[PDB]
Amino acid sequence: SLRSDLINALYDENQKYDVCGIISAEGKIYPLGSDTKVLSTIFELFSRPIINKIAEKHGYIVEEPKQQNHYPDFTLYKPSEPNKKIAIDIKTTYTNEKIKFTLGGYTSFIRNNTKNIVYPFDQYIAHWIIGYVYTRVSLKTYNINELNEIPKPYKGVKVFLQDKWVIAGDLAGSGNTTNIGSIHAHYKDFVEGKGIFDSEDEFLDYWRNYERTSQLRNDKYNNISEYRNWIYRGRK
Amino acid sequence: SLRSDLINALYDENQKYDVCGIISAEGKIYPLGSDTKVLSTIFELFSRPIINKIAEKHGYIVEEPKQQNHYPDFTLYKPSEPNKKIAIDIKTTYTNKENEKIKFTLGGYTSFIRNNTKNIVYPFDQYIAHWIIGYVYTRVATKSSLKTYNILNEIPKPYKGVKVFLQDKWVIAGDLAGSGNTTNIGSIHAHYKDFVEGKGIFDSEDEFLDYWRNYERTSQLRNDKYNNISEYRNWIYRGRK
DNA sequence: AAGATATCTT
DNA sequence: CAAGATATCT
Ligand SMILES: [Mg+2]
Ligand SMILES: [Mg+2]
Ligand SMILES: [Mg+2]
Ligand SMILES: [Mg+2]
């Protein structure tokens with residue numbers, strides 16, 4: 001399927017290549033830093049070609065945001081089927097071990113159908129995440145003839161594709177920027193989809209009603225159990 | 001000066017090289033993106049080798065942060081002058097059309113500026129200078145960009161024309177916040193020449209620091225204290241009340 | 001759990 | 001402009 005083919009192309013591209021630097025039109029190469037801000041950008045760009053390839057093999061157009069305050073990285077849909085859009089978002093985190101990802105905000109497009117999203121939320125039937133996990137490890141320039149001398153910015157990189165709701169946790173991934181937090185698990189759990197939410201419906205209701213701070217949460221719910229109890233009390 | 005040498009090299013390299021892609025160890029090339037998240041990453045990496053070259057030429061060591069929530073991008077210092085550290089930070093923004101007004105977010109006003117060792121590589125008072133290497137690029141619509149290339153000139157560049165300046169943070173500082181929830185100092189909102197020339201709003205670097213160290217976090221609160229330079233000077237005139 | 005890391009948008 | 005968004009980190 002589109003999914004199987006994409007996850008397949010993603011494992012392959014990852015196993016075959018290693019980004020090691022930025023190159024100029026004149027052949028001079030600058031080394032990559034070993035931090036998420038750099039790697040996230042690089043992992044996304046490394047994914048682009050592969051996502052566009054498979055999307056076309058399946059007849060899906062690929063649209064990236066035109067504006068910078070918008071989720072998702074890539075919007076795939078068939079022209080004949082505009083309300084069957086697929087959201088594919090790239091996320092990165094590192095290990096020195098269990099990982100965690102910040103999964104987007106909980107007060108934007110999930111609480112407002114047209115907020116910070118390329119197309120209205122209700123037009124997407126799936127929300128996938130391509131998660132890159134890298135083990136964290138030059139101030140000079142190099143040329144084409146020196147590609148193997150350039151230090152790589154990672155000890156190894158793994159990638160997985162998984163549905164957002166499936167890997168979502170019940171604890172916020174960030175405070176002031178109110179992001180849904182993923183599960184805090186070993187990469188295995190992400191590939192396998194060993195989440196805590198019973199369904200995508202449950203995941204959504206939870207994050208749509210999660211209070212921004214502990215003050216408010218301490219009288220509603222702070223975790224999955226309290227939420228399920230909150231539901232039993234009649235959503236109050 | 002290190003400063004004159006630095007700006008000349010940044011300026012020269014800017015006018016003679018154009019980054020166009022990420023290359024792999026195998027030689028595969030992935031085209032770049034056109035948004036700021038990508039470009040600020042590119043611009044910083046492009047800057048690094050120059051900053052390091054010029055620094056060494058003046059006997060300065062260059063240190064980059066160790067943890068990810070630390071300012072600045074590059075801390076320069078001579079062993080002989082440990083309390084004379086120079087903070088060199090790289091900022092980037094874009095413009096939809098060449099020669100438009102621009103603005104930068106100049107770091108938070110509630111971390112190191114209010115607390116000597118909070119979110120900074122070295123204690124705030126060990127730096128005598130805080131420079132901003134500012135990059136401005138004209139956005140270009142993203143297509144050849146979607147495929148890989150073999151070994152350059154054929155690859156579409158995600159920008160029309162990069163501009164670079166070097167200037168003291170206090171000099172280009174404005175009086176309005178650069179961000180809300182992340183409490184950043186905002187720069188002046190003006191043309192590029194204005195940043196190069198230092199046409200800012202504060203009189204001294206101490207006025208810069210006092211203003212931002214006492215700027216309240218919301219319009220609500222600011223309304224009773226001060227929301228712009230004018231208001232702050234009146235507030236200063238009355239005895240800080 | 002809350003607020004830092006840089007910058008953009010309405 | 002205010003404020004809250006865009007991604008992660010500590
Ligand atoms: Mg993107
Ligand atoms: Mg992403
Ligand atoms: Mg840096
Ligand atoms: Mg920077």
Side-chain angles (χ1 to χ4, degrees), chain A residues 35-36 38-41 43-44 65 68-73 89-94 99 101-109 111 114-118 129 132 171-182 210-215 217-218 222-223, chain B residues 35-36 38-41 43-44 65 68-73 89-96 102-114 118-121 132 134-135 174-187 189 217-218 221-222 228:
Chain A
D35 65 82
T36 307
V38 172
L39 300 186
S40 54
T41 281
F43 291 150
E44 172 167 347
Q68 315 175 60
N69 66 336
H70 285 3
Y71 158 82
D73 282 315
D89 210 43
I90 319 273
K91 306 294 204 187
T92 304
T93 192
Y94 76 100
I99 57 182
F101 289 89
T102 46
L103 307 173
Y106 60 86
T107 62
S108 58
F109 51 85
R111 302 195 183 203
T114 43
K115 197 185 195 56
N116 296 95
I117 184 158
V118 184
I129 273 162
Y132 281 91
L171 300 172
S174 69
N176 57 17
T177 56
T178 57
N179 262 229
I180 299 173
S182 83
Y210 184 94
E211 311 272 35
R212 295 167 188 68
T213 57
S214 293
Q215 174 82 309
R217 291 200 300 267
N218 278 227
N222 278 271
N223 60 53
Chain B
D35 65 321
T36 311
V38 167
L39 273 330
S40 62
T41 285
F43 292 151
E44 178 181 348
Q68 289 193 234
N69 286 9
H70 277 0
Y71 159 83
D73 288 314
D89 214 54
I90 305 173
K91 304 300 199 177
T92 306
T93 191
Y94 79 101
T95 216
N96 273 131
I102 59 179
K103 53 175 167 292
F104 299 90
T105 44
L106 303 174
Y109 57 78
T110 88
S111 55
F112 47 88
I113 93 145
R114 292 182 189 220
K118 169 193 180 177
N119 294 93
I120 182 173
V121 169
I132 295 310
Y135 285 92
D175 56 346
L176 308 188
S179 59
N181 53 2
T182 59
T183 58
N184 259 241
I185 286 166
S187 81
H189 174 56
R217 274 157 277 212
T218 59
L221 315 158
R222 288 193 293 273
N228 49 36

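Both backbone and side-chain heavy atoms feed into the values below; hydrogens, waters and symmetry mates do not. Throughout, a chain's letter reflects where its sequence line sits, starting with A, and its residues are numbered from 1.
Between A:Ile180 atom CD1 and D:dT8 atom P there is a gap of 13 Å when expressed in whole angstrom units. If you take CG of B:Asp35 and P of D:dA7, they are 11 Å apart, rounded to a whole angstrom. Nucleotide D:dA7 holds its P atom 10 Å from the CG atom of A:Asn69, rounded to whole Å. The interatomic distance linking A:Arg217 (CZ) with C:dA1 (P) rounds to 5 Å, in whole Å.
Between the side chain of A:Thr177 and the base of D:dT8 there is at least one donor-acceptor pair of N/O atoms closer than 3.5 Å. With hydrogens and angles left out, the side chain of B:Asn181 and the base of D:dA5 share a donor-acceptor pair within 3.5 Å.
For the side chain to side chain contact (heavy atoms under 4.5 Å, CB included) test with B:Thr93, the passing option among B:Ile102, B:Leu39, B:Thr36, B:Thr105 is B:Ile102; the others fail.
Looking at heavy-atom distances under 4.0 Å, B:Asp73 makes no contact with the nucleic acid at all. Residue contacts for B:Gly178: at a heavy-atom cut-off of 4.0 Å it reaches a base atom on one of the strands shown.
The shortest heavy-atom contact between A:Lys91 and A:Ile129 is CG-CG2, 4.1 Å.
Using a 4.0 Å cut-off, no side-chain N or O of A:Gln68 falls inside it from OP1 or OP2 of C:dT7. At the phosphate of D:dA7, OP1 or OP2 sits under 4.0 Å from a side-chain N or O atom of A:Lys91. Put simply, A:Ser214 has a side-chain N or O that comes within less than 4.0 Å of OP1 or OP2 on C:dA2. Dashed line: the shortest gap from a side-chain N or O of A:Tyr132 to OP1 or OP2 of D:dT8 is not under 4.0 Å.
Residues B:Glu44 and B:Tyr135 form no side-chain contact, since every pair of their non-hydrogen atoms from C-beta on lies 4.5 Å or further apart.
Remark: C:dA1 base-pairs with no nucleotide in the shown strands. Criterion, Watson-Crick or G-U wobble with two distances under 3.5 Å.
At D:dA5 the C1'-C2'-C3'-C4' dihedral is positive, so the sugar adopts a north, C3'-endo-type conformation.
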